[PDB]
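The structure appears below as structure tokens.
So basically every Cβ, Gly included, is an ideal-geometry build from the backbone, and we count neighbours across all protein chains shown. Each answer follows from the model by the rule given with it, or from the source it names; no laboratory instrument gave them.
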Amino acid sequence: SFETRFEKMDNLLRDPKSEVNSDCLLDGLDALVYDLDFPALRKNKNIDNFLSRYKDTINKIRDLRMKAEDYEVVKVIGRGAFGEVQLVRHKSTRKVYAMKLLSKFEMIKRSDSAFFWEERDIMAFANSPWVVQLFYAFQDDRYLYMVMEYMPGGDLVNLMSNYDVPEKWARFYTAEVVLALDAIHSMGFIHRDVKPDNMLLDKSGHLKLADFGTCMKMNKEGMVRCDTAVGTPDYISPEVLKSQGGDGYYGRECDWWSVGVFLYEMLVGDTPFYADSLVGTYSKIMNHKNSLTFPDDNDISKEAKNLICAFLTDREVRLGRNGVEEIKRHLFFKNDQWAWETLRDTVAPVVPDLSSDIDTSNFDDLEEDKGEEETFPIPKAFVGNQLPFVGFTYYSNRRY
Amino acid sequence: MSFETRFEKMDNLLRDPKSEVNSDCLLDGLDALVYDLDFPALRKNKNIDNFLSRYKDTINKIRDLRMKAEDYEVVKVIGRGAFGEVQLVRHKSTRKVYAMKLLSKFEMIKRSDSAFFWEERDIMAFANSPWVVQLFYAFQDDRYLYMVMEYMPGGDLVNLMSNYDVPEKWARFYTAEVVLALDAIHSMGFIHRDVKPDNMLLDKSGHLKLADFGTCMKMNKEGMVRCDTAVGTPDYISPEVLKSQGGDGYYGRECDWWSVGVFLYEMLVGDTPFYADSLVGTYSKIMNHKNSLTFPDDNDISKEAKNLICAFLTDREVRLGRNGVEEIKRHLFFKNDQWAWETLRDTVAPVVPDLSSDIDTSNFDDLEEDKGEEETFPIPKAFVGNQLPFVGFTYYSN
Ligand SMILES: O=S(=O)(c1cccc2cnccc12)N1CCCNCC1
Ligand SMILES: O=S(=O)(c1cccc2cnccc12)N1CCCNCC1
């Protein structure tokens with residue numbers, strides 16, 4: 001029908017998940033002009049003509065659309081390959097955020113994943129108090145930007161370095177993590193990289209997961225097929241580690257194993273598979289059956305040792321293989337301070353005391369500035385480097 | 001501007017028809033970027049092979065959903081030449097009759113001239129004047145631009161003049177409607193440059209409208225328009241536009257009035273005042289208009305008619321209409337007791353077409369067969385971008 005058509009087309013233009021919404025189209029055009037405006041390319045009439053036709057237009061667009069200079073960088077609060085994360089204040093709204101920058105070039109400079117789609121998707125649509133929230137995603141010719149909510153409480157790595165974590169606390173966090181992961185699993189993802197670095201605390205001291213660059217959609221059997229291991233040395237599960245071209249087919253248990261590693265570390269202060277060198281940790285992980293030993297410390301409760309072991313074991317017998325409910329029913333969690341379904345409503349073990357909306361006391365210092373890093377080389381022929389990053393923008397068609 | 005402002009100015013830009021970034025335009029940019037990239041040679045680049053593999057599913061569905069050629073049933077061709085054929089079409093779904101124009105993307109690309117259509121699209125889509133043929137839909141594909149306009153069943157003035165020995169009363173009426181039409185086009189800030197009987201069409205009521213505006217241009221600060229472009233059929237073209245072969249020339253709107261003069265002479269005489277066997281012949285006689293312009297020894301043509309024709313057919317500097325349209329309207333030739341300017345298009349036309357059906361083409365000559373195998377673009381080894389000149393042409397009405 002002539003009506004049905006105008007409508008479907010209207011929906012494809014609106015839907016916050018359509019590959020051709022205003023966000024995708026404005027991006028598509030923005031990408032083109034960006035990937036054409038080079039003297040070597042302008043030699044071609046069409047290109048030159050087109051660009052002059054859209055010169056005034058494209059410029060007005062880039063001034064109306066969300067851009068980097070719309071934010072006042074309060075301070076850098078995290079770095080990594082592919083880019084950094086900075087405490088920013090939106091110049092116009094005065095609203096404070098944690099904006100994540102991603103070097104378009106760096107990711108293109110061998111990253112073999114396009115990981116950022118998962119992260120954009122999850123943080124933008126999860127709508128879970130366990131997931132860091134993405135408010136805006138925009139880009140330019142050099143960086144991807146992810147305007148997320150700021151977690152003033154800092155990460156769990158920082159917390160652990162400042163306190164000798166008592167069981168009560170360890171229980172609380174392990175519990176919030178378990179609920180957080182369960183929520184991510186519910187969205188149909190295996191996290192694959194559960195670690196204290198990605199565990200952040202809000203202004204109330206409650207946990208949220210950030211950084212989902214390793215998340216991968218589970219199949220109908222609830223499994224994942226991967227020939228190359230992903231994650232972190234200390235926390236990678238024996239199966240994700242051994243994952244080979246021979247198959248590489250594991251379930252969500254790999255996350256629970258990591259939770260065990262997480263628990264062991266809070267109580268002990270060391271990782272269950274620490275070694276002189278990374279490669280040592282590798283051997284100790286595969287040999288978990290023998291390498292998993294607790295130091296002679298009379299303070300790790302029976303239950304704690306039990307759960308840690310229930311997690312740090314071969315997938316087939318690992319606690320969690322039979323849904324999250326069997327983890328929750330473990331004795332280690334048995335307490336008289338909270339119940340699972342109301343946990344994030346109980347008072348946290350460490351509540352941050354913040355001086356201002358931009359208080360970064362719970363984040364280690366970092367240099368700032370650096371000096372504009374090298375990006376793509378000026379094209380001699382049409383390369384189209386902005387094409388892989390079309391539709392990343394989350395601004396014109398976001399969900400409400 | 002607040003964040004709310006900025007956000008909304010942008011969100012409205014996506015919905016404005018008069019916007020180059022409207023959703024339709026943007027959808028072109030993508031639709032196009034798929035065509036001028038989906039070549040085995042270009043697939044080598046991953047950013048391309050990936051970009052295309054991602055939008056394959058989507059882009060196809062899009063092209064099928066949007067307004068496409070096979071949405072129209074071609075009733076009969078009613079005009080050809082230029083870069084395509086004007087055909088009588090009935091919308092398959094709405095069952096509405098339209099005059100659809102086609103423009104070979106390749107043909108334009110081939111012989112430069114791939115920018116004229118912007119003016120025509122704009123004027124016919126936004127003029128909103130009864131003196132202008134209306135553009136309802138403008139869509140495209142990889143090969144043709146399409147301009148779904150309103151059908152003018154009364155045919156053109158060329159046809160009318162070939163069937164009647166135009167009397168003065170009639171000549172006056174049409175000259176008057178042309179004058180009003182052009183003035184309206186001038187009001188939008190355009191110099192027409194190509195006023196001729198071919199583009200003068202009559203509606204079902206026998207009233208004039210201008211079609212084909214692919215020669216109009218925006219008047220600069222002082223109301224002029226420089227230009228350098230070859231000239232086809234100079235019969236109606238003015239001395240200034242002619243002496244402007246190469247950009248070495250700025251002319252006013254009075255170039256259109258000269259054409260109106262040519263128009264009037266032809267209706268009353270039956271031939272163009274500067275006709276010659278060759279194009280260069282006509283051109284020469286046009287330049288030597290101070291001497292070449294003669295009237296036959298049959299004083300059928302009235303005093304006023306001879307005056308106006310001469311008032312138009314003269315050097316720009318002294319040409320009638322250099323002091324606004326009002327001095328043309330006040331000419332005696334138009335002095336009559338049948339109509340007044342401000343109500344002219346409300347008076348009964350000298351020739352009202354009698355139509356048999358909504359698809360009656362009796363007032364249009366049968367056209368030949370093209371037999372043409374419209375050449376196609378060659379497979380590019382790099383990025384040619386033969387779609388970029390036609391990006392933002394797509395236009396829909398509400
Ligand atoms: O800056 S973060 O990358 C970071 C990522 C994502 C969202 C964030 C929200 N607020 C603060 C920091 C955030 N981060 C802080 C210290 C370094 N460890 C990783 C967590
Ligand atoms: O068919 S047309 O091309 C034509 C052009 C533009 C709009 C039209 C609208 N209705 C009918 C014919 C139309 N045309 C009549 C015959 C040949 N002379 C040129 C004008």
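Of all residues in the stretch A:75-131, those being among the acidic types (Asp, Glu) and within 11 Å of ligand 1 (Cβ to nearest atom) number 2. Report yes if some residue within the stretch A:178-191 is of a type in the set (A, V, I, L, M), within 29 Å of A:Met218 (Cα to Cα) and within 16 Å of ligand 1 (Cβ to nearest atom); otherwise report no. Among the residues of the stretch A:178-191, at least one is of a type in the set (A, V, I, L, M), within 29 Å of A:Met218 (Cα to Cα) and within 16 Å of ligand 1 (Cβ to nearest atom), which makes the answer yes. Restricting the first residue to the stretch B:154-180 and requiring it to be in the same structural domain as B:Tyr236 (by CATH) and away from ligand 2 (no atom under 15 Å from the Cβ), which pairs with a second residue that is of a type in the set (D, E, K, R) and assigned to a helix (DSSP H, G or I) meet a Cβ separation below 8 Å and a spacing of at least six or different chains? Pairs that qualify, where the first residue is in the same structural domain as B:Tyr236 (by CATH) and away from ligand 2 (no atom under 15 Å from the Cβ) and the partner is of a type in the set (D, E, K, R) and assigned to a helix (DSSP H, G or I), are B:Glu177/B:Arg345; B:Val179/B:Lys329; B:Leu180/B:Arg345.
The single residue among B:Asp370, B:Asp365, B:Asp360 that is within 16 Å of ligand 2 (Cβ to nearest atom), in contact (Cβ under 8 Å) with a residue 12 or more places away in the chain and surrounded by fewer than 13 Cβ atoms within 10 Å (Cβ to Cβ) turns out to be B:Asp370.
Within the stretch B:187-205, the set of residues being surrounded by fewer than 20 Cβ atoms within 10 Å (Cβ to Cβ) and either in contact (Cβ under 8 Å) with a residue 60 or more places away in the chain or small (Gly, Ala, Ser) (or both) comprises B:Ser187, B:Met188, B:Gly189, B:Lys204, B:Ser205. Filtering the stretch A:126-135 for residues that are over 21 Å from A:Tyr264 (Cβ atoms), within 14 Å of another protein chain (Cβ to nearest Cβ) and away from ligand 2 (no atom under 16 Å from the Cβ) leaves a non-empty set. Taking the stated definitions as given, is B:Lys76 surrounded by fewer than 20 Cβ atoms within 10 Å (Cβ to Cβ), within 30 Å of A:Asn385 (Cβ to Cβ) and not aliphatic (A, V, I, L, M)? For B:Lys76, the condition - surrounded by fewer than 20 Cβ atoms within 10 Å (Cβ to Cβ), within 30 Å of A:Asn385 (Cβ to Cβ) and not aliphatic (A, V, I, L, M) - is not met. The single residue among B:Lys92, B:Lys96, B:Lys76, B:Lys68 that is farther than 19 Å from B:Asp370 by Cβ and within 16 Å of ligand 2 (Cβ to nearest atom) turns out to be B:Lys96.
Of A:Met66, A:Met9, all but one fail to be closer than 22 Å to B:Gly392 by Cβ, within 11 Å of chain B (Cβ to nearest Cβ) and of a type outside the set (D, E, K, R); the exception is A:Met9.
Just checking, does the stretch A:338-345 include any residue being part of a loop (DSSP other than H, G, I, E, B), surrounded by fewer than 18 Cβ atoms within 10 Å (Cβ to Cβ) and more than 14 Å from every other protein chain (Cβ to nearest Cβ)? Looking through the stretch A:338-345, at least one residue is part of a loop (DSSP other than H, G, I, E, B), surrounded by fewer than 18 Cβ atoms within 10 Å (Cβ to Cβ) and more than 14 Å from every other protein chain (Cβ to nearest Cβ).
Looking across A:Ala31, A:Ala40, one residue alone is in a helix (DSSP H, G or I), more than 11 Å from chain B (Cβ to nearest Cβ) and either within 20 Å of B:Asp16 (Cα to Cα) or away from ligand 1 (no atom under 16 Å from the Cβ) (or both). It is A:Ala40.
Listed here are the residues, each with its yes/no results for (1) surrounded by fewer than 17 Cβ atoms within 10 Å (Cβ to Cβ); (2) in a helix (DSSP H, G or I); (3) of a type outside the set (S, T, N, Q).
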residue	(1), (2), (3)
B:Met152	no, no, yes
B:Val158	yes, yes, yes
B:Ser162	yes, yes, no
B:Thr175	no, yes, no
B:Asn220	yes, no, no
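Of everything listed in (1) more than 11 Å from every other protein chain (Cβ to nearest Cβ); (2) touching a residue at least 40 places away in the same chain (Cβ under 8 Å); (3) more than 23 Å from A:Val390 (Cβ to Cβ); (4) outside any helix (DSSP H, G or I), the single unmet condition for B:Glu119 is (4). What about A:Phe82, is it more than 16 Å from ligand 2 (Cβ to nearest atom), closer than 24 Å to A:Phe376 by Cβ and outside any loop (DSSP other than H, G, I, E, B)? Spelling it out, it is not the case that A:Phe82 is more than 16 Å from ligand 2 (Cβ to nearest atom), closer than 24 Å to A:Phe376 by Cβ and outside any loop (DSSP other than H, G, I, E, B). Name every residue in the stretch A:288-331 that is more than 28 Å from the chain's Cα centre (by Cα), among the aromatic types (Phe, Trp, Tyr) and not in a loop (DSSP other than H, G, I, E, B), in order of residue number. Once the filter is applied, which keeps residues that are more than 28 Å from the chain's Cα centre (by Cα), among the aromatic types (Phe, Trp, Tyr) and not in a loop (DSSP other than H, G, I, E, B), the stretch A:288-331 yields nothing.
Within 11 Å of ligand 1 (Cβ to nearest atom), assigned by CATH to the domain that holds A:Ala124 and not small (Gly, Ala, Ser), is that true of A:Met199? Judged against the criteria, A:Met199 is not a match.
For B:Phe136, work out the one condition from (1) assigned by CATH to the domain that holds B:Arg322; (2) assigned to a strand (DSSP E or B) it doesn't fulfil. Evaluating B:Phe136 over (1) assigned by CATH to the domain that holds B:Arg322; (2) assigned to a strand (DSSP E or B) leaves (1) as the failure. Confirm whether B:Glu20 is more than 8 Å from chain A (Cβ to nearest Cβ) and either at negative phi or of a type in the set (A, V, I, L, M, F, W, C) (or both). It is false that B:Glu20 is more than 8 Å from chain A (Cβ to nearest Cβ) and either at negative phi or of a type in the set (A, V, I, L, M, F, W, C) (or both). When B:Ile62, B:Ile78, B:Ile123, B:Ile109 are checked against the criterion of being over 29 Å from B:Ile185 (Cα atoms) and among the aliphatic types (A, V, I, L, M), a single residue qualifies: B:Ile62.
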